[PDB]
Amino acid sequence: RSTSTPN
Amino acid sequence: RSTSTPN
Amino acid sequence: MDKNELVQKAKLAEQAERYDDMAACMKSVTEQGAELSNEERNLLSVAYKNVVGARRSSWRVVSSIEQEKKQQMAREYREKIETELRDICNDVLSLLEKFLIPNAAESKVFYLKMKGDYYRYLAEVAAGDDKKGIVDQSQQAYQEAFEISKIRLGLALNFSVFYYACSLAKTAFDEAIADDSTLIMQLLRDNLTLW
Amino acid sequence: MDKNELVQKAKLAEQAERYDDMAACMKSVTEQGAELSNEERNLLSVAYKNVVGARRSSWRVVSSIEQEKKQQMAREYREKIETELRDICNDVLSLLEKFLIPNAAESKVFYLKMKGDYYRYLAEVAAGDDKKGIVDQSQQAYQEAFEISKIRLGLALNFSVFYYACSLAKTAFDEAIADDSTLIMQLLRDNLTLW
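All of the points below concern the structure found in this document. (Residues numbered from 1 in each chain as written, not as in the entry; some residues may be left out. Chains lettered and ligands numbered in written order. Heavy atoms only, no water. Residues with missing side-chain atoms left out of burial classes, pairs and counts.)

Looking at the packing of helix α3 (residues 40–66) of chain C against helix α4 (residues 69–100) of chain C
Residues and elements named next belong to chain C. Following both chains from N to C, one finds α3 and α4 inclined at 155 degrees, their axes separated by 9 Å at the closest point. Taken together, the axes of α3 and α4 lie roughly antiparallel to each other. Once α3 is placed against α4, the crossing between them reads as left-handed. Of the residues belonging to the contact of α3 with α4, the class tally is 12 nonpolar, 2 polar and 8 charged. (Axes fitted to C-alpha atoms, helices over the stretch in contact; angles between N-to-C directions. Helix = DSSP H or I, 4+ residues; strand = E, 2+ residues; numbered from the N terminus. Parallel < 35°, antiparallel > 145°, perpendicular 65-115°, else oblique. Left-handed = near helix turned anticlockwise from the far one by under 90°. Nonpolar A, V, L, I, M, F, W, Y, C, P; charged D, E, K, R; others polar.)

Details of the arrangement of the chains
Sorting the 3 pairs of chains in contact by contact count puts chains C and D at the top. Regarding chain A and chain C, which are not in contact, the minimum distance between any of their C-alpha atoms is 19 Å. Kept free of each other, chain B and chain D leave a smallest C-alpha distance of 19 Å between them. (Contact = heavy atoms within 4.5 Å.)

Some details on the packing of aromatic side chains
This structure, assessed with the given rule, holds 18 aromatic pairs over all chains. Their ring planes at 55 degrees and their centres at 6.1 Å tell us that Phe159 of chain D and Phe162 of chain D sit as a pair that is tilted. On the criterion of helical spacing, the pair formed by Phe159 of chain D and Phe162 of chain D is a turn pair, its members being 3 residues apart in helix α7 (residues 152–162). Exposure class is identical for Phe159 of chain D and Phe162 of chain D. Each is buried. Ring plane angle 80 degrees and centroid distance 6.3 Å describe the contact between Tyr164 of chain D and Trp195 of chain D, whose orientation is recorded as edge-to-face. A cation over an aromatic ring shows up here: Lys9 of chain C above the ring of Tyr77 of chain D, its NZ or CZ 4.1 Å from the ring centre. (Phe/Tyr/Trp six-rings, centres within 6.5 Å; stacked < 30°, edge-to-face > 60°. Buried < 20%, exposed > 50% of the residue type's maximum accessible area, 1.4 Å probe, protein only. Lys NZ or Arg CZ within 6 Å of the ring centre and 35° of its normal.)

A look at the interface of chain D and chain C
Counting residues at the interface gives 22 residues for chain D and 23 residues for chain C. In terms of surface lost to chain C, no three residues of chain D exceed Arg18, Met73 and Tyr77 of chain D, which account for 31% of the buried area on that side. Our count for the chain D to chain C interface comes out at 8 salt bridges. Among the salt bridges present, the one from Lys69 of chain D reaches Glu5 of chain C, with a minimum N-O distance of 3.4 Å. The interface formed by chain D and chain C holds 15 residue pairs in polar contact in total. Secondary-structure elements contributing two or more residues to the side of chain D that touches chain C are α1 (3–14), α3 (40–66) and α4 (69–100) of chain D. Of the residues in the side of chain D that touches chain C, the class split is 9 nonpolar, 4 polar and 9 charged. (Buried area = accessible area lost by both parts, 1.4 Å probe. Salt bridge = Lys/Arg side-chain N within 4 Å of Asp/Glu carboxyl O. Polar contact = N/O pair within 3.5 Å; in protein donor to acceptor, adjacent residues only side chain to side chain.)

Notes on empty space enclosed by the protein
If a probe as big as a water molecule is rolled over the atoms, it shows which places are left empty. Considering only enclosed or pocket space, the largest cavity measures out at about 50 Å³ in volume. Around the largest cavity sit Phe146, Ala156, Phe159, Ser160, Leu168 and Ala172 of chain D, which together line it. Of all the secondary-structure elements, those providing two or more residues to the lining of the largest cavity are α7 and α8 (166–174) of chain D. Considering each element in turn, the lining of the largest cavity owes the most residues, 3 residues, to α7 of chain D. Grouping the constituent residues of the lining of the largest cavity by class yields 5 nonpolar, 1 polar and no charged. In this structure, the second largest cavity spans a volume of roughly 30 Å³. Contributing to the lining of the second largest cavity are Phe146, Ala156, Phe159, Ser160, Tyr163, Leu168 and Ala172 of chain C. Sorting the residues of the lining of the second largest cavity by element identifies α7 (152–162) and α8 (166–174) of chain C as the ones contributing at least two each. (1 Å grid on protein atoms, 1.4 Å probe; cavity = no way out; pocket = protein on both sides within 12 Å on 5 of 7 lines; lining within 4 Å. Points joined across faces, edges and corners; volume = space filled by probe spheres on them.)

Focus: a nonpolar patch on the surface
A cluster of nonpolar side chains, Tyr164, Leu194 and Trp195 of chain C, forms an exposed patch at the surface whose accessible area comes to about 380 Å². Tracing the chain through its elements places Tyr164 of chain C in the loop between α7 and α8. (Patch = residues over 30% accessible without salt bridge, like charges linked within 9 Å, V, L, I, M, F, W, Y side chains within 5 Å. Areas by Shrake-Rupley, 256 points an atom, 1.4 Å probe, with all protein chains shown as cover.)

Comments concerning the nonpolar core
A general trend in soluble globular proteins is that nonpolar side chains are found buried together. Counting 51 residues, the largest nonpolar core has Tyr48, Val52, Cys89, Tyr111 and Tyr118 of chain D as its most contacted members. Those elements that place two or more of their residues in this core are α4 of chain C together with α1, α2 (19–30), α3, α4, α5 (107–125), α6 (130–149) and α7 of chain D. Here the element with the most residues in this core is α5 of chain D; it accounts for 11 residues. Once you skip the residues sitting within four places of it in the chain, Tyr111 of chain D turns out to touch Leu36, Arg41, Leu96, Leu100 and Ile101 of chain D. Residues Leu6, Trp59 and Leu95 of chain C together with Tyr77 of chain D belong to the second largest nonpolar core, which totals 43 residues. (Core = buried A, V, L, I, M, F, W, Y, C linked by side-chain atoms within 4.5 Å.)

Following this line, the structure appears as structure tokens:
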């Protein structure tokens, strides 16, 4: 699992 | 303006 | 056709946020033999509210944004959604009148609420002479539910707002004073808090 | 065609949550004359992430739900989304390789990240022998960015996760130790917090 970014 | 419900 | 699978589907669609697939899965079901399990009766209520909501939400933002060449671009965009919107109410609004309302206990007010709801929605949207007929159409549909209740709770609210009024609010609110129900009420108070 | 209006549109779509209309508004723009204003360069990055995300999210839920007759119903549903999903990566993944990556400074790593990202996405999805080629395809695409960075921040993370590894994480993390950047980092730590 995990990740990852955003905006 | 206002309202109204939910589910 | 097999209803009890198209239900499992309608459910499974929400269990994954796809509301159009959901609202649709229900359409197939409502348009089977009516009289819906209070659960089924539910899924449809929500799926549809999301769907038309989504579009209702968006309609709101752009109508303002609009208010030069860049604006014809907006109206052209508004026009486009007002459309899918209409497509949704009309889509359901129908089902109601031609399947739902005629096949009912308590549901009868539920639907009648919802019915007046959707035209209210369409009412927000309309423009030409069409408007007046849609407004009146909702009222009679709502007004009919106000009296038949006498859920009912939620109703009082929506009819209440539909007017903007308050008068009708405090009344159906006040009497009530005598977890789920709670919620709604908070809102009507809150509504007057507003008005 | 008029790019500077299809941009205003791509924006206006997000200003109202319609991400497909958005992701699309950008496709028209990327598939114009490349080299995108860091802003334009941005909108597309997000619109597309939402869109494929949406589907990615849903793919997740149902794959589990599935894991008897009711399940063939699930696979038939999974199958259906895996599809629009694929349609999205492939759709963009292309644009990248045939427009974006070849027309660039910093962007070059950005895109290269994203490129490896999307196959990673497709990688989650694949099944037959196809998988191996897609995985490797992403790596080379990602690995290429790891080295070219030496944003870059965000990258380290995604490449990091792509492995599940940690080794690559602490490294690109640790060095960094010397508001926006902050955020990301928190996450990589948090990632090891996990592993």
